[PDB]
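Below you'll find the structure, written out as structure tokens, and then a few comments.
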Amino acid sequence: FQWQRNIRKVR
Ligand SMILES: *C(=O)CCCCCCCCCCC
């Protein structure tokens with residue numbers, strides 16, 4: 001839940 005659609009911004 002912390003990044004299920006946000007890993008390319010949080011690289
Ligand atoms: C949400 O984005 C999923 C990935 C983030 C890491 C979850 C870590 C906790 C897993 C164990 C839960 C009991």
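Just remember, in the structure tokens the first chain shown is A, the second B, etc., residues are 1-based per chain, and ligands are 1-based in the order shown.
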Which residues sit within 6 Å of ligand 1, counting only C-alpha atoms and all ligand atoms, listed as a CSV table (one decimal) with C-alpha atoms, in the first residue's frame?
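Done, and the output landed in selection-v5.csv:
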```csv
chain,number,residue,atom,x,y,z
A,1,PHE,CA,0.0,0.0,0.0
A,2,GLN,CA,2.9,2.6,0.5
A,3,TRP,CA,3.9,2.5,-3.3
A,4,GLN,CA,1.6,0.0,-5.4
```
